[PDB]
Amino acid sequence: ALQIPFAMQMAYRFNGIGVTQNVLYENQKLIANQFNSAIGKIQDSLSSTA
Amino acid sequence: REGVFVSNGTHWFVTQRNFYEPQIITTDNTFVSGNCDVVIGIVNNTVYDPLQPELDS
Ligand SMILES: *[C@@H]1O[C@H](CO)[C@@H](O[C@@H]2O[C@H](CO)[C@@H](O)[C@H](O)[C@H]2NC(C)=O)[C@H](O)[C@H]1NC(C)=O
Ligand SMILES: *[C@@H]1O[C@H](CO)[C@@H](O[C@@H]2O[C@H](CO)[C@@H](O)[C@H](O)[C@H]2NC(C)=O)[C@H](O)[C@H]1NC(C)=O
Ligand SMILES: *[C@@H]1O[C@H](CO)[C@@H](O)[C@H](O)[C@H]1NC(C)=O
């Protein structure tokens, strides 16, 4: 296992889907907020729909 | 463009992800995008341009 800052990891991941990695860095806060909201929505969905 | 920026403590190089191979940072390894007021963790350095010396001489 090799350490690597999570931001650069997501930069690699975005590169992996044909999106210039500058997109992530220029939009890091938006991505973080969307991901947190998605996690919250998952928490809500599991707690209600058996 | 390909690889990541690393530093041996004093100087900055750009090297491929899977195998260390430091190279001098130039316009052949980096592409410009945006400005310095948005990126998080962006550092300061100088990027040597291959073209400058040819025209200077
Ligand atoms: C980081 O690497 C650079 C590049 O080799 C080192 O600077 C060079 O050091 C050698 C001596 O080992 C000199 O002969 C070169 O002239 C230096 N390069 C330049 C551009 O001046 C630097 O010392 C390294 N830093 C550490 C902390 O290892
Ligand atoms: C990187 O360099 C820039 C300048 O190229 C630095 O920007 C300075 O920021 C301070 C703090 O607001 C200002 O007072 C200076 O006027 C800025 N410089 C210029 C030329 O406008 C920046 O601080 C540097 N950052 C690092 C980490 O080295
Ligand atoms: C990295 O973490 C240090 C604390 O260890 C903090 O001072 C610094 O601002 C952080 N920089 C970035 C780009 O996350």
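Nothing in this text is a laboratory measurement; each read-out follows from the coordinates by a stated rule. Note: ideal-geometry Cβ built from the backbone for every residue, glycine included; neighbour counts use all protein chains shown.
Residue by residue, here is whether (1) out of contact with any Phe, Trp or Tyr (no Cβ under 9 Å at 6 or more places or on another chain); (2) surrounded by 10 or more Cβ atoms within 10 Å (Cβ to Cβ); (3) within 14 Å of chain B (Cβ to nearest Cβ) holds:
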residue	(1), (2), (3)
A:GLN3	yes, no, yes
A:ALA7	no, yes, yes
A:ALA11	no, yes, yes
A:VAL19	yes, yes, yes
A:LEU24	no, yes, yes
A:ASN27	yes, yes, yes
A:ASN36	yes, yes, no
A:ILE42	yes, yes, no
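Of (1) at the interface with another protein chain (Cβ under 10 Å from one of its Cβ atoms); (2) within 15 Å of A:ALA11 (Cβ to Cβ); (3) not β-branched (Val, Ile, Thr), B:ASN35 satisfies all except one. Which?
Status for B:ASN35: all satisfied but (2).
Mind telling me which of the residues B:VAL38, B:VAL43 ends up being without any contact (Cβ under 8 Å) to a residue 40 or more places away in the chain and surrounded by 10 or more Cβ atoms within 10 Å (Cβ to Cβ)?
Of B:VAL38, B:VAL43, the one residue that is without any contact (Cβ under 8 Å) to a residue 40 or more places away in the chain and surrounded by 10 or more Cβ atoms within 10 Å (Cβ to Cβ) is B:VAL38.
Let's see how each residue does on (1) within 11 Å of chain A (Cβ to nearest Cβ); (2) over 9 Å from the mean Cα position of the chain (by Cα); (3) away from ligand 2 (no atom under 16 Å from the Cβ):
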| site | (1), (2), (3) |
| --- | --- |
| B:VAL4 | yes, no, yes |
| B:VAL14 | no, no, yes |
| B:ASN18 | yes, yes, yes |
| B:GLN23 | no, no, yes |
| B:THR26 | no, no, yes |
| B:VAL39 | yes, yes, no |
| B:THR46 | no, no, no |
| B:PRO50 | no, yes, yes |
